[PDB]
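Accompanying notes for the structure given below.
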Amino acid sequence: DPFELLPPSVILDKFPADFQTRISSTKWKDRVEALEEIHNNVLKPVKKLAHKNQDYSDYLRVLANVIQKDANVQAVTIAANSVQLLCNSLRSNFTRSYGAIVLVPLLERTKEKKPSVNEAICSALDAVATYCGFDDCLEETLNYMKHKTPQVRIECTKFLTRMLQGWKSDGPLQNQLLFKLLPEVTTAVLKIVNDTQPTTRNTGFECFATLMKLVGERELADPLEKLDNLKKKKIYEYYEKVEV
Amino acid sequence: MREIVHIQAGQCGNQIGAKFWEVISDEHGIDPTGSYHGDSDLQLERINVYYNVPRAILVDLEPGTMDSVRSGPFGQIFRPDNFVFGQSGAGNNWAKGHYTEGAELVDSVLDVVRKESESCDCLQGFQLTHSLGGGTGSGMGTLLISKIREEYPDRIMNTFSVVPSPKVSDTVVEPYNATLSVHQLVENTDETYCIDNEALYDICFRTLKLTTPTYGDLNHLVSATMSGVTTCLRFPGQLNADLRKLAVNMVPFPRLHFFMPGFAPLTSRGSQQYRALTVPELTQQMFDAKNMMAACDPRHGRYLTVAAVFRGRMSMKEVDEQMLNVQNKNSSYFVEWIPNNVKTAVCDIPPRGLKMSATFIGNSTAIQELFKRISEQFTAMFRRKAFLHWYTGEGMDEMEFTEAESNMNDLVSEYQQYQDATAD
Amino acid sequence: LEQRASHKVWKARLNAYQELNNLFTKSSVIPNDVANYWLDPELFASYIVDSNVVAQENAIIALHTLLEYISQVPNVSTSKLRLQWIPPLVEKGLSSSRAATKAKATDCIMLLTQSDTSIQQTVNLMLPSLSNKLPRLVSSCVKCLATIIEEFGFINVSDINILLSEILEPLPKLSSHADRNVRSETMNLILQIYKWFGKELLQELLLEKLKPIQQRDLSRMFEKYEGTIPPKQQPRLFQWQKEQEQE
Amino acid sequence: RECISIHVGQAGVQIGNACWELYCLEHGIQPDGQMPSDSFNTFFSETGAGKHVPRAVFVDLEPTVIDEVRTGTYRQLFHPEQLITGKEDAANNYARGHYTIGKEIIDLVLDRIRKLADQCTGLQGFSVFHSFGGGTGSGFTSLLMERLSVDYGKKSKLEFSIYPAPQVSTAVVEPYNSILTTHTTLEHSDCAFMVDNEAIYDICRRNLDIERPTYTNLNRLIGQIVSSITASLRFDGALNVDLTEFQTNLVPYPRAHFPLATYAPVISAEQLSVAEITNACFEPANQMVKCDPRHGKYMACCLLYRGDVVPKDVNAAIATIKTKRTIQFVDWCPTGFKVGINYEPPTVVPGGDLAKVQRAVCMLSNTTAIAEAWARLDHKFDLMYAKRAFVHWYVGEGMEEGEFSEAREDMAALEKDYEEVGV
Ligand SMILES: Nc1nc2c(ncn2[C@@H]2O[C@H](COP(=O)(O)OP(=O)(O)OP(=O)(O)O)[C@@H](O)[C@H]2O)c(=O)[nH]1
Ligand SMILES: Nc1nc2c(ncn2[C@@H]2O[C@H](COP(=O)(O)OP(=O)(O)O)[C@@H](O)[C@H]2O)c(=O)[nH]1
Ligand SMILES: [Mg+2]
Ligand SMILES: [Mg+2]
């Protein structure tokens, strides 16, 4: 039995009037307090949001606006933690409109290297992934593995690794993973495996050994041969220690 | 907490019931036609409690009692709809009143009870007068109480039950009926004034020097006691104002809610009271067991709680002094572990006939003497199994008698426990 | 005296109830067309509310032995029965002040509960009675609800989530009810839900909302409980379960 | 700086009448609300039509007492939405005031309080008037105090409790109700002035020369002493100008927040010096709570003079008492007596047995000897609870029996708290 049966709570009435201008203000501390209030006072207490007839796609598109474009790294951190709370306390809601409204912004902001901030952004991306399975993330996660920033490559690839470990789609075969496996997934993971940086390459080595674990170390033996014998024994290193 | 619905059931029920309405109609200045001819505001201040015309329902299986009431003095005032009467009588069989014949009519009664309660601003509770040795007053009364208790659980249940004595009726099934009814009242009522026919005869015989007391003579003692104990309820006053507050300050343990009433001075039917008593004299009619309406000696037990009602113009300073005196000069008779357990109240309007008067409501453990008497008579009857085929024929089981016997003895033991208790 | 079960005098109905009670024990198990207290269950629904406490109790023990004479095939028509019968049983049988009138009414519901596939069709009918004027009724029907669980339990119940919500909803008001018994006997029903699920679930939705003294007593009650979080074996089985065990 | 008054139970409501009667005489306000004449608007608001309305709520679980308000001399003063009544009273049962009956009306009461708080700009807190032994006074107040600590949590709340006394006691279970409310209202009250009805009785028999005082007698005397404490808030004095200062000056321990009030002079209507009245503040006969401060240590002490007073006479009277008596203080206390003066004369009621005096004083002192008062309640409580007497009434109206013990332990712990400070 799922504990989710609890009555739903509504937070729209909780919002204050001086919110829209405060979040869209030029003073950083206005924006911070705005987000920090509705998070600590309004989101953190609740444990289940209202599924029925509640449009959060006005609130969620302003969390995206800050997570993407807001120059204050602190305002980003507290926003991605808000986004996670919505996705966590309101499971089964982020079908497309919600999920897609924050997805591509979150992937852009993995560029952030401050440990606390990468913690919050990635943990939020884990929330949308666990509730949007492979809807829009699989295609767009690949897109941002091809991105120019080194950090977004290693983090969006680690993201595919996180998701792949929790891959348990229904059906015997012919899932979205197989329709695009060799065409897109593998051709994109090799771009990581053959990166200029070692710490980037080393993420690909896991993200390829977590791939073989899912789809058979024999099926992918074709691009394994085209790879260096030297990179091969690093990929195998992770294959032996990686589970799903 | 304003209105009180009144009920009277059985012969005695309608007798002392009508007698009560005679007394308090006068005291409030109402004539038999139902029109105010008084001359004071303290009279109509809380007339809404018992009146609307009385808020009274008249019940009996004996249909003759109908006419004994209406042909009485204030018989014209009662609402015709509130008369609910059966075809045959119960004939001193509690089972007929509780299970068979009284049960068939009890629904019609609840319909009128509902009607009277429906048009009440805020009900307090109910008020039943009846005898315990009968079949209707005891059997149908206790059945009516339970039926009200479950239909009105947010209200108080207060009964004026009179105890049978061989001195007033030689019927030997009365110990059965009364024991069965006490088994009911201990579970179903919040407060019960125990009127003992044993004590009413001994007062009419020994104190009033009447060689043959009649019902009217005993009924005179009752109606005056009732008006005395209901003085707080019918006139403005700080202390013991409503039914619930009274029971709160009188009943420390739910089963031990049987009050020993008594009042002063004891007068005859319409005799001449030339010399008015003094405040210390009235006070010394409390322990005076010749003024108790229950046949018990307060000296043989201990008071848990006491409520005194002094009626008439007098010194509130002197009353406080005399009550504070009599308590500490007899400190071994009032329980120590309930501090300030005696409460006194004064009412300026005296009862008609008297310049001053005083009623003494007491929860005394001596009341166990009364229940001993009923139990010994019940057991003497029950051990020889006399007249049981009456009750069993009406659907009762022999087991019921044993349970009522044991339950009353537990009630006696409880009183004895708190009598021997210590504060230390 | 077959139609005298609706006669005007009480003592002739009292007979017909004893006559019936003797019939359902001495009648044929295969059953005479005379045993038509299934197709018209309004009949016994009337009898349980007899308007005479002594003849009522005799109608309930006749219903009781009727309701165990039906333990034989083919009686798939136990759905109609629980609808017609347990509302009178709860409303005026559990309600009763009589020692035996109550005890046999509960035992009857037991037999109607195990007629069913699960406990769901029983709980949903006897839930409204928690919102009744009379405390001793809600005092009692919370005890009866609590022991259809401790002996049966939740199995073969479609969508349990809807059912647990429906019985957890009144528990805050019941535990703040005036009557001592309604409260005391509500902590027992809480334990019997704890005794079958975890402490985590109750404390998230319910225990939070009670008086602190109350949730202490509930914790003290769980320590004295020994045995696995869901009970390994139920103290009582349903009809389809016992028959499946036999074959 | 606005302050809202609340009156619960007959005690609160009827003492309220005496206080707002006395407030309107001190402020020259008419029974109809008009005024032919700010600091006093801490207590009153204003209509567009020049009418001055109190910032007050009256509550009783029973009409009788409040019905006389809206048909009395001051029926026009209050808005009808301020006077709230139920139908069934609590019947001297804390459980009914707190659990059974109180929950049926608590929301209506809190709602009407919001309407007075919405009219206010800088609300300070609440003054609360209620009995101890009453069912409404004990149960409902403690409930309302819990809910005010939520809906207005970040502000002050002051009590005006009527300590019970057998001379006017209406119930046996008054020790129970007192202990029960004092337990649940201990955490939610910042300061609390007890009023022993016995001392008020004793004073009225000795100095007012009345054989058997009535409630009007006691309430008028009480209203005079309540006015002396709230005078600093209503006329903008120097001492105790807002509700926080009461805690600052008199409360050096959150729990021990029960000051002893002493008032002089009480002159019958059938003048003294500044020194003579100040000596009477250290005479037990004029205290509001019956105890002996000589058996205890002072945690704080304020003097609120009002009338024809010369500030130098005060300092002389202070030095006299500080030298010619031995008022023991605790070592961790300011050994100096705080003082404030308000030159307006003590107003009495036209017709009152209390006479107009030239000067008057009200000494507020948080002495540890007031623990003697708690000991008297606790002892009475112990006797009845030892046999579980009257307990079924409480348990039968939604209350757990354990709550009795949790309250008694909180009272035993408070008695130890008073001891350890004074050793
Ligand atoms: N000094 C003073 N004491 C009062 C007054 N009114 C009541 N008391 C005391 O308060 C105690 C309780 O009585 P109430 O305040 O009337 O009770 P309540 O608050 O109305 O509660 P319930 O009536 O039970 O609903 C008694 O011991 C009285 O002595 C008053 O006007 N002045
Ligand atoms: N005090 C008093 N007692 C009565 C009166 N009438 C009957 N009793 C007593 O009540 C008992 C008889 O019950 P009764 O009320 O007459 O039978 P019912 O008509 O079936 O209720 C006996 O113990 C009588 O002593 C009366 O008028 N006054
Ligand atoms: Mg008769
Ligand atoms: Mg009151």
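In the structure tokens, chains take letters A, B, ... by order of appearance, with residues numbered from 1 within each chain and ligands from 1 in the order shown.
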message: ligand 4: which residues are within 12 Å, counting only C-alpha atoms and all ligand atoms? Reply as a ChimeraX atom specification.
response: /B:1,237-242,245 /D:7-14,59-66,85-94,96-97,130-140,170-171
task: Kindly compile the residues surrounding ligand 3 within 9 Å, counting only C-alpha atoms and all ligand atoms, and format them as a VMD selection string.
output: chain B and resid 10 to 12 60 to 62 64 to 65 89 to 92 134 to 137
task: List the neighbours of region 189-202 of chain B out to 8 Å using only C-alpha atoms; skip same-chain residues closer than 4 positions along the sequence, and give me the result as a count of residues only.
output: 33
message: I need the residues of region 146-380 of chain B that end up classed as strand (DSSP E) by DSSP on the backbone, written out as an NGL selection string.
response: :B and (156-163 or 191-196 or 258-259 or 263-264 or 303-311 or 342-347 or 357-364)
field: Shell around region 199-202 of chain C at 12 Å using only C-alpha atoms, local window under 2 positions removed, as an MDAnalysis selection string
entry: (chainID A and resid 1:6) or (chainID C and resid 164:165 168:169 171:172 187 189:197 204:210 215 218:219 221:223 229:230)
query: Neighbours of residue 312 (chain B) within 7 Å (only C-alpha atoms; same-chain residues fewer than 5 positions away dropped), as number ranges by chain?
result: B: 347-350, 355-357
Selected residues, N, CA and C atoms, written as a tab-separated table (two decimals), in the first residue's frame, please.
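What landed in part.tsv:
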chain	number	residue	atom	x	y	z
B	347	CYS	N	-33.27	32.49	49.90
B	347	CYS	CA	-34.28	33.01	48.99
B	347	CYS	C	-35.26	33.84	49.81
B	348	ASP	N	-35.51	35.07	49.36
B	348	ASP	CA	-36.30	35.99	50.17
B	348	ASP	C	-37.77	35.60	50.21
B	349	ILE	N	-38.29	35.01	49.14
B	349	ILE	CA	-39.70	34.63	49.07
B	349	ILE	C	-39.91	33.34	49.86
B	350	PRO	N	-40.66	33.37	50.95
B	350	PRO	CA	-40.88	32.16	51.74
B	350	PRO	C	-41.94	31.29	51.09
B	355	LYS	N	-43.39	31.98	57.58
B	355	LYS	CA	-42.59	33.20	57.51
B	355	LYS	C	-41.14	32.87	57.14
B	356	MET	N	-40.61	31.80	57.71
B	356	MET	CA	-39.28	31.30	57.39
B	356	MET	C	-39.36	29.79	57.22
B	357	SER	N	-38.44	29.24	56.43
B	357	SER	CA	-38.35	27.80	56.24
B	357	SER	C	-36.95	27.46	55.77
- prompt: CA of residue 33 (chain D) and CA of residue 224 (chain D), how far apart in Å?
  reply: 21.2 Å
message: Using only C-alpha atoms and a cut-off of 8 Å, which residues of chain B sit close to chain C? Please list them as a PyMOL selection string.
response: chain B and resi 99-100+103+150-151+153+395-396
Residue 407 (chain B) surroundings by only C-alpha atoms, 10 Å radius, close-in-sequence under 3 positions cut, as a PDB file with C-alpha atoms, in the first residue's frame:
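Result file result-v4.pdb:
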ATOM      1  CA  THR B 179     -35.344  -3.225  44.128  1.00  0.00           C
ATOM      2  CA  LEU B 180     -35.732  -3.654  40.358  1.00  0.00           C
ATOM      3  CA  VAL B 182     -33.280   1.029  42.190  1.00  0.00           C
ATOM      4  CA  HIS B 183     -31.264  -1.241  39.899  1.00  0.00           C
ATOM      5  CA  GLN B 184     -32.471   1.107  37.134  1.00  0.00           C
ATOM      6  CA  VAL B 186     -28.491   3.961  39.896  1.00  0.00           C
ATOM      7  CA  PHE B 401     -33.788 -10.483  40.406  1.00  0.00           C
ATOM      8  CA  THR B 402     -30.368 -11.805  41.452  1.00  0.00           C
ATOM      9  CA  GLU B 403     -28.591  -9.067  39.477  1.00  0.00           C
ATOM     10  CA  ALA B 404     -30.726  -6.318  41.014  1.00  0.00           C
ATOM     11  CA  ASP B 410     -22.762  -3.239  45.846  1.00  0.00           C
ATOM     12  CA  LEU B 411     -24.405   0.183  46.171  1.00  0.00           C
ATOM     13  CA  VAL B 412     -24.682  -0.410  49.924  1.00  0.00           C
ATOM     14  CA  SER B 413     -21.048  -1.531  50.140  1.00  0.00           C
TER      15      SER B 413
END
message: Please find the residues of chain B near chain D - the criterion being any atom within 10 Å, counting only C-alpha atoms - and write them as an NGL selection string.
response: :B and (1-2 or 121-124 or 238-254 or 305 or 315-318 or 320 or 336-345 or 418 or 421-424)
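Going from CA of residue 141 (chain B) to atom 14 (P, counted along the ligand's line) of ligand 2 covers 11.3 Å.
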task: Taking the DSSP assignment computed from this structure's backbone, write out as a list in words all residues of region 4-56 of chain A that belong to helix (DSSP H, G or I).
output: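 Those in region 4-56 of chain A that DSSP calls helix (DSSP H, G or I) are residues 4, 5, 12, 13, 14, 17, 18, 19, 20, 21, 22, 23, 28, 29, 30, 31, 32, 33, 34, 35, 36, 37, 38, 39, 40, 41, 42 and 43 of chain A.
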query: Got a sec: who's within 7 Å of residue 109 (chain A), counting only C-alpha atoms, leaving out chain neighbours fewer than 4 positions off, as a VMD selection string?
result: chain A and resid 67 to 68 105
message: For a test of reading the model, state the distance in Å between CA of residue 155 (chain A) and CA of residue 119 (chain A), rounded to one decimal.
response: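 For CA of residue 155 (chain A) relative to CA of residue 119 (chain A), the distance reads 10.9 Å.
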